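Residue numbers (the entry's author numbering), protein chains in the order written: chain A, 27 to 68, 80 to 142, 165 to 172, 186 to 209, 216 to 243, 263 to 461, 494 to 517, 522 to 620, 640 to 674; chain B, 240 to 245, 263 to 287; chain C, 44 to 68, 78 to 91; chain D, 3 to 120; chain E, 2 to 92; chain F, 821 to 827, 854 to 868.
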Ligand SMILES: *[C@@H]1O[C@H](CO)[C@@H](O)[C@H](O)[C@H]1NC(C)=O
Ligand SMILES: *[C@@H]1O[C@H](CO)[C@@H](O)[C@H](O)[C@H]1NC(C)=O
Ligand SMILES: *[C@@H]1O[C@H](CO)[C@@H](O)[C@H](O)[C@H]1NC(C)=O
Ligand SMILES: *[C@@H]1O[C@H](CO)[C@@H](O)[C@H](O)[C@H]1NC(C)=O
Ligand SMILES: *[C@@H]1O[C@H](CO)[C@@H](O)[C@H](O)[C@H]1NC(C)=O
């Protein structure tokens, strides 16, 4: 069963003494009016421990005499054995050998220190395992919890399980700002949650409890980006690689063709994915960054050589053919691709058009049989050489969505906002769009030629309209500059959304200035 | 400059001058 | 940009400059230096 | 011919080992290349191991998923995986590389059979 | 090296689920094929790597199986899928 | 005439006066 922990979980954040001060500490706490799960032991399954738990109980017999923390409870994760024998709050942080069900009725650390409420707030900050308490015989009251004991265990705990030999609660503490109220004697007489209701963060900003009738800029409103829009022009300007690999005739071994590739986009991902290409060896480049980065001065060398000469064209290779045919540079950057072509470039009668140079001064026919080896079969070789502009891969291309705060990225520029259909016309060479402030104000997407603006996300202030706390507790919430469709009775005005209050067609001399015309009252 | 071998053309020089533009509503320079 | 008086600072031909006219009707190779760009 | 193992008759969840044994020559004196191929497109090349000097040329696309190990006690090359998953469906080639006296690399012999399943 | 496919024959209505199996012998790693081949033409081979997914491959085609058998399920017969599916032996 | 003769969002918020121009 679930119940309402109204104002429970308000302890002393420090042993510092303070007198009659409204001190605001951003300490992890059980939120006001949170959801606290009442348990009944009639079993006791494992219970959560996020940032400590606001424990509580109402027993006239002291039936709870056991805590078991930790994760494994097999003498591996550091568990605890807190027990209360009605004479002293003895705390055992050592390891006991628990079986399937720990027995009711080698240790590391041992320590000793119906008409009753037994609250047992925990904490774990800086390895300082605090154990609070308060016994005030869940009502609509308020009782601060003093730091009964503290334990410098310095271990990580995230799960616990209350154990006994029938009403044991649990809590959830979250990093909530929290405004305290000390009396003269230095104890906590009242408290205020911070993110509970608009009046709560009003009290947070004012750092008081008796708020006056007025409007307070407690925070600012912001619309976060929803998704990402990355767009690049059409891939229709593909590189003419289809006619290069499918050419009927290829050049000779001594007349290898070199071609420049530019002003086009090529999908190398499929090129290195499928391997109808027998050899694919890359040096000086990372295939991981091939799709994410592009190179400059890309050159393609295409020729046909026999199979066994593929590995000879490589750095650190010595031989007659390698030295007298083609020398690769020490800092060669690119990929070497070679594939079989015996199905299309071979004839039974044999081709005598291939000739080789026998003698050379200084550095810069074939027997076709069914049983001949692969190395004697002709192989087409294409080598792509890269140097570390105008030619790059498609990278990423996402669709366009408008009328919603997104993260648009046109051609490689950042910026988040909401895109609007426009009418103003550009010049064909012009892409950007700016006002006097030199900030982007319009754009043409790289794929089509339609002109769409860029207007910032619907941000602004968010103020709380309240009467005095002595007058009322329900409040209005202004939203500054933002229309009232982004964010009770909604109401739109030039000031913005005013969730909470009611439009009135009448008009009186107003008391709480809203903005841009409206006033609120009670 | 080269012409067609078998007319009052100019030649200027550029230098880093600050310069104030005047765009119209179509994004071209009118002054 | 639209209807804004934007001031940029880069290479231009200065206003009312003494631009060197040439005759197209010495003329075998009318070469002249390229210093910082030519209008 | 290079001798390997054939298909499956066994239940899932069992650990298993393969081999690539050559005859008529010293296995440790010849380069062995492992090439990965499986249903749908061409090959992938991850690298080769030389047990004489432990020189490994790792392909950049390889992300340290398949550990490379050698057994010098039996002079046999075995391939093992540190962590097996359901998505490990791959087949591995084993072929004889260039001769020790030859400075030119070639692939003259290919495998004889391993049709593969777990 | 022997290959068998099961079931030998089956009867079903249009659009019914079709499941076929392919069997094996010995001790091995993990990778095996399926091909789409006509009566006397070259086989066809759609998805690749069984651990990588090819872009442009329709998601309606999938493969499974562990230990011995491989299960290929045809959710809906298509006019362009009228052929015999072969698990092919090579090395 | 006075309105005519008398002649973006980057953190700065020009919040309107409550007392609008009207
Ligand atoms: C008293 O303390 C001991 C020591 O931890 C514990 O084992 C025992 O359960 C407690 N209660 C009783 C009734 O002995
Ligand atoms: C880009 O390609 C799409 C189809 O791929 C086409 O509809 C569109 O008009 C193209 N954009 C141009 C030509 O500016
Ligand atoms: C709020 O958004 C709607 C829909 O986009 C628009 O019609 C309305 O004008 C916006 N609010 C204001 C005050 O303009
Ligand atoms: C801008 O260009 C359009 C082209 O249709 C032309 O009609 C117009 O006169 C130009 N000038 C403007 C809109 O001030
Ligand atoms: C331009 O230069 C010539 C000599 O180089 C000079 O005679 C002439 O006066 C100059 N132009 C003007 C407008 O002064």
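From the three backbone atoms N, C-alpha and C, an ideal C-beta is built for every residue, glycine too.
What do you get for residue 618 of chain A, buried or exposed, if any count of 16 or more other CB atoms within 10 angstroms of its CB means buried?
When all chains shown are included, residue 618 of chain A counts as exposed.
In chain order, which alpha helix (DSSP H) runs of at least 4 residues are fully inside the segment 15-95 of chain D?
The segment 15-95 of chain D contains no whole alpha helix (DSSP H) run of 4 or more residues.
If we call anything under 9 angstroms between Cβ atoms a contact, is residue 407 of chain A one with residue 433 of chain A?
For residue 407 of chain A and residue 433 of chain A, yes; Cβs fall inside 9 angstroms.
Looking only at its chain, what residues have a beta carbon closer than 8 angstroms to the beta carbon of residue 121 of chain A, apart from the 5 residues adjacent to it on each side?
Result list for residue 121 of chain A: 99, 101, 102 and 127, in chain order.
For residue 643 of chain A, which of A:381, A:672 and A:93 has the nearest alpha-carbon?
Taking only the C-alpha atoms, the option nearest residue 643 of chain A is A:672.
Quick one: list the residues of chain F neighbouring residue 666 of chain A, beta-carbon separation under 9 angstroms, in chain order.
Per Cβ cutoff of 9 angstroms: 864.
Have a look at residue 422 of chain A and residue 351 of chain A and give me their C-alpha separation to the nearest angstrom.
The straight-line gap from Cα to Cα measures roughly 8 angstroms.
Which same chain residues, not among the five before or five after residue 201 of chain A, have their C-beta less than 7 angstroms away from its C-beta?
The residues are 229 and 231.
If you follow the alpha helix (DSSP H) that residue 340 of chain A is part of, which residue opens it and which one closes it?
Where residue 340 of chain A is concerned, the enclosing alpha helix (DSSP H) stretches over 339-342.
Is the beta carbon of residue 322 of chain A sitting closer than 9 angstroms to the one on residue 540 of chain A?
The answer is yes: Cβ separation under 9 angstroms.
Please name the residue, chosen from E:6, E:92 and E:87, that lies closest to residue 41 of chain E on a Cα-to-Cα basis.
Out of E:6, E:92 and E:87, E:87 has the C-alpha closest to the C-alpha of residue 41 of chain E.
At least one CB of chain A closer than 9 angstroms to the CB of residue 821 of chain F: is that the case?
Not an interface residue.
Within 8 angstroms: the Cβ of residue 111 of chain A and any heavy atom of ligand 1?
No, since every heavy atom of ligand 1 falls outside the 8 angstroms radius drawn around the Cβ of residue 111 of chain A.
Quick check on DSSP: helix, strand or coil for residue 418 of chain A?
Helix at residue 418 of chain A.
In chain order, what residues of the same chain have a beta carbon less than 6 angstroms from the beta carbon of residue 329 of chain A, not counting five sequence neighbours either side?
The answer, listed in chain order, is 530 and 579.
Hey, which unbroken runs of the beta strand (DSSP E) at 3 residues or more fall wholly within the segment 359-426 of chain A?
Taking only runs of at least 3 residues, the beta strand (DSSP E) segments lying wholly in the segment 359-426 of chain A are 376-380 and 393-403.
Can you give me, in chain order, the residues of the segment 13-28 of chain D that have a beta carbon less than 9 angstroms from any beta carbon in chain A?
Residues passing the 9 angstroms Cβ filter: none.
Give the residues whose C-beta lies closer than 6 angstroms to at least one heavy atom of ligand 2, in chain order.
Qualifying residues, in the order they occur: A:331, A:333, A:580, A:581 and A:582.
Is the segment 13-22 of chain E in contact with the segment 46-59 of chain D, if contact means three or more CB pairs nearer than 8 angstroms?
In short, these stretches do not touch, since the Cβ pair count stays below three.
Is it the case that the Cβ atoms of residue 307 of chain A and residue 606 of chain A are separated by a distance below 9 angstroms?
No, Cβ-Cβ distance for residue 307 of chain A and residue 606 of chain A is not below 9 angstroms.
At 7 angstroms on the CB atoms, spell out the chain B contacts of residue 44 of chain C, in chain order.
The contacting residues are 279 and 283.
Check whether the Cβ atoms of residue 113 of chain D and residue 405 of chain A sit closer than 9 angstroms, and answer yes or no.
The answer is no: Cβ separation not under 9 angstroms.
Determine, using beta carbons only, whether residue 384 of chain A comes closer than 9 angstroms to chain D.
Judged by the 9 angstroms Cβ criterion, residue 384 of chain A is in contact with chain D.
Within 9 angstroms (strictly less), CB to CB, does residue 509 of chain A reach chain D?
It does not: the Cβ of residue 509 of chain A has no partner Cβ on chain D nearer than 9 angstroms.
Terminal residues of the continuous beta strand (DSSP E) containing residue 298 of chain A?
It is not in any beta strand (DSSP E) - residue 298 of chain A instead sits in the alpha helix (DSSP H) that spans 295-303.
Counting contacts by CB-CB distance shorter than 9 angstroms, is residue 2 of chain E in contact with chain D?
Output row for residue 2 of chain E: interface = yes.
Counting along the chain, where does the beta strand (DSSP E) carrying residue 276 of chain A start and finish?
Start and end: 271-279.
For residue 577 of chain A, count the other beta carbons within 10 Å of its own beta carbon; 16 or more makes it buried, fewer makes it exposed. Which is it?
When all chains shown are included, residue 577 of chain A counts as buried.
Which partner residues does residue 567 of chain A have in the DSSP bridge list?
According to DSSP, which records beta bridges pairwise, residue 567 of chain A is partnered with A:573.
Are the beta-carbon atoms belonging to residue 648 of chain A and residue 609 of chain A less than 9 angstroms from one another?
No, Cβ-Cβ distance for residue 648 of chain A and residue 609 of chain A is not below 9 angstroms.
Just to check, is the beta-carbon of residue 378 of chain A closer than 8 angstroms to a non-hydrogen atom of ligand 4?
The answer is no for residue 378 of chain A.
Near residue 401 of chain A, which residues of its chain fall below 6 angstroms by C-beta distance, leaving aside the five closest residues on each side in sequence?
Around residue 401 of chain A: 347, 507 and 509.
Alpha carbon to alpha carbon, what distance is there between residue 316 of chain A and residue 219 of chain A?
The alpha-carbon atoms of residue 219 of chain A and residue 316 of chain A are separated by roughly 30 angstroms.
Under the assumption that residue 366 of chain A contacts residue 388 of chain A (Cβ atoms under 8 angstroms), give the Cβ distance between them as a whole number of angstroms.
About 6 angstroms separates the two Cβ atoms, so the contact holds.
Give the straight-line distance between the Cα atoms of residue 65 of chain C and residue 524 of chain A, rounded to the nearest whole angstrom.
Between residue 65 of chain C and residue 524 of chain A, the C-alpha separation is close to 40 angstroms.
Quick check: is any heavy atom of ligand 1 less than 8 angstroms from the C-beta of residue 66 of chain D?
It does not: the Cβ of residue 66 of chain D is nowhere closer than 8 angstroms to a heavy atom of ligand 1.
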